[PDB]
Amino acid sequence: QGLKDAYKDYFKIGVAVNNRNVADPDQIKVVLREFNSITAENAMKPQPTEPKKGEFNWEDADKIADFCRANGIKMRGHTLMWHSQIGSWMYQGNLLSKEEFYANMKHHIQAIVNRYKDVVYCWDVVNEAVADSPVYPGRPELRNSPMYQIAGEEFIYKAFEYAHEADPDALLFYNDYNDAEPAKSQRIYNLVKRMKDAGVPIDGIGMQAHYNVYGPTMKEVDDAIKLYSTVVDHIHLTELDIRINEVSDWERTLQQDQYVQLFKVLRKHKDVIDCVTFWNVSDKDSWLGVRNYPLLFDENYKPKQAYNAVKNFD
């Protein structure tokens, strides 16, 4: 009886996984106990699935979908478009045409969405498209990636349209980090507003939630959720973790209260938040290394004092 069961009347609890998390008994016992949603940490990203034009690799992603199919869990599909882990070929030495690009993007999205539409319930369609903060008013709100350089903001719209065609029943999200920062969260809102007003097919906003001990206050996070709440009916925390920096009893206490504060805020917003997904299973497999003591499971795949606090609430 784990996390998922505790938050059953609030929202799903999920976890990004790697090949070994769904292949090793000791880790599998944990994942099934605690979570009712799964994200591929890497296996559905654009370079991992299409490292050359038209040459799809489904090996790693299939294992993970397999695991979900079998245990009656639905997946989040992480991501269809992103300026990282992407094959240069999609957008180029020279940049390609809007049209040659849209085709590479349409071909890719449509394949992958169709392939896993039976397990994926939602898709992080575009990732990290909004620009980092300091944006001096009037200057471009979006990150100047190659895709933007070719399409401008239009490529995001196409990506959401292309994925909607391939599966009309999936919830399609825009996903980003520094989601609770005022300026950036305002920019995110602006983007999604534009899409809503144009009638582009977006459903939800993905809050990465790469937080830390000193980074955002609970006010900031509760604010951004209200702001986002007024443009979309679906919010996921998508890659949650709380790094201690930027091994003491004190730091451990600090991280504990944040996690406890954070889940108080999200419980209040149960009705718009459908999912809270931790970025890795345990500190062992955290992308931030174990130095950062970032998750509710320690390097032995065992719960920390913080685990019981978050779980035994009310």
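Sequence positions, counted from 1, serve as the residue numbers for this chain. Hydrogens, waters and symmetry mates are skipped; everything else that's a heavy atom, side chains included, is used.
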Aromatic ring pairing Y307/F297, orientation class (parallel under 30°, perpendicular over 60°, tilted between) = tilted
Plane angle bin for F278 and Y259 - parallel if under 30°, tilted between 30 and 60°, otherwise perpendicular | tilted
Decide if the gap between the ring center of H269 and the ring center of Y228 is smaller than 6.0 angstrom.
-> no
Is the distance between the ring centroids of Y10 and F313 less than 6.0 Å?
-> yes
Using modelled atom types and a 3.5 Å cut-off, is there a donor and acceptor pairing between side-chain atoms of [X] and backbone atoms of [Y]?
{"X": "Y174", "Y": "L191", "result": "no"}
{"X": "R187", "Y": "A131", "result": "yes"}
{"X": "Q255", "Y": "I242", "result": "yes"}
{"X": "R33", "Y": "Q1", "result": "no"}
{"X": "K268", "Y": "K264", "result": "no"}
{"X": "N300", "Y": "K302", "result": "no"}

So, [X] and [Y]: side-chain donor and acceptor under 3.5 Å apart, yes or no?
{"X": "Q186", "Y": "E181", "answer": "no"}
{"X": "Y102", "Y": "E154", "answer": "yes"}
{"X": "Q85", "Y": "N42", "answer": "yes"}
{"X": "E153", "Y": "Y157", "answer": "yes"}
{"X": "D179", "Y": "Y177", "answer": "no"}
{"X": "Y211", "Y": "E220", "answer": "no"}
{"X": "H210", "Y": "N178", "answer": "no"}

With a cut-off of under 6.0 Å to the ring centre and 45° to the axis, is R143 in cation-pi contact with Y148?
-> no
Ion pair present between [X] and [Y], side-chain N to carboxylate O less than 4.0 angstrom?
{"X": "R20", "Y": "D24", "result": "yes"}
{"X": "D222", "Y": "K219", "result": "yes"}
{"X": "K8", "Y": "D5", "result": "no"}
{"X": "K117", "Y": "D169", "result": "no"}
{"X": "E141", "Y": "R194", "result": "yes"}

Please determine whether the number of non-hydrogen atoms from other residues, nucleotides or ligands lying under 6.0 Å from atom [atom1] of [X] exceeds 12.
{"X": "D233", "atom1": "CG", "value": "no"}
{"X": "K270", "atom1": "NZ", "value": "yes"}
{"X": "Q149", "atom1": "CD", "value": "yes"}

List the steps, then state whether side chain to side chain contact (heavy atoms under 4.5 Å, CB included) holds for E299 with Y293.
-> CA-CA 9 Å; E299 59 200 285; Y293 202 77; over 6 Å; no
Under 4.5 Å between any side-chain heavy atoms of [X] and [Y], yes or no?
{"X": "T49", "Y": "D60", "value": "no"}
{"X": "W58", "Y": "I112", "value": "yes"}
{"X": "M81", "Y": "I109", "value": "no"}

Shortest non-hydrogen contact between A180 and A224, atoms and distance | CA-CB, 3.8 Å
For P201 and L172, the nearest pair of non-hydrogen atoms, with its separation, is O-CD1, 3.2 Å
Can you measure from [atom1] ([X]) to [atom2] ([Y]) and round to the nearest 0.5 angstrom?
{"X": "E165", "Y": "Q110", "atom1": "CD", "atom2": "CD", "value": "4.5 Å"}
{"X": "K4", "Y": "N36", "atom1": "NZ", "atom2": "CG", "value": "7.0 Å"}
{"X": "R267", "Y": "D9", "atom1": "CZ", "atom2": "CG", "value": "12.5 Å"}
{"X": "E34", "Y": "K29", "atom1": "CD", "atom2": "NZ", "value": "8.0 Å"}
{"X": "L3", "Y": "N308", "atom1": "CG", "atom2": "CG", "value": "9.0 Å"}
{"X": "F11", "Y": "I273", "atom1": "CZ", "atom2": "CD1", "value": "5.5 Å"}

Please report the C-alpha distance between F263 and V276 in whole Å, then the side-chain angles of each, then the deciding distance to 0.1 Å, and finally whether the side chain to side chain contact (heavy atoms under 4.5 Å, CB included) criterion is met.
-> CA-CA 10 Å; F263 280 75; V276 185; 3.9 Å; yes
Criterion side chain to side chain donor-acceptor pair (under 3.5 Å) on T253 and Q256, from CA distance to verdict = CA-CA 5 Å; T253 325; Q256 162 159 3; over 6 Å; no
Can you check salt bridge (charged side-chain N to carboxylate O under 4.0 Å, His left out) on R115 and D62, steps first, answer last?
-> CA-CA 10 Å; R115 178 173 256 267; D62 276 10; 2.6 Å; yes
For a quick test of your reading: what N or O donor-acceptor pairs under 3.5 Å do the side chains of residues 86-97 make, sequence neighbours left out?
| unit_1 | atom_1 | unit_2 | atom_2 | d |
| --- | --- | --- | --- | --- |
| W89 | NE1 | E50 | O | 2.9 |
| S97 | OG | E99 | N | 3.4 |
| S97 | OG | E100 | N | 2.8 |

Provide the full list of side-chain hydrogen bond (donor to acceptor under 3.5 Å, both in side chains) pairs with a residue in residues 64-79, sequence neighbours left out, each pair given once.
-> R69-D118, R76-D124, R76-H236, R76-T238, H78-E239
So which pairs with a foot in residues 274-286 pass side-chain hydrogen bond (donor to acceptor under 3.5 Å, both in side chains), sequence neighbours left out?
-> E41-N280, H234-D274, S282-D285, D283-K304, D285-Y301
Quick one: do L237 and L266 satisfy side chain to side chain contact (heavy atoms under 4.5 Å, CB included)? Show the steps, please.
-> CA-CA 9 Å; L237 285 239; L266 306 162; 3.9 Å; yes
Where do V231 and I205 land on the side chain to side chain contact (heavy atoms under 4.5 Å, CB included) test, with the steps shown first?
-> CA-CA 9 Å; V231 70; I205 277 161; 3.8 Å; yes
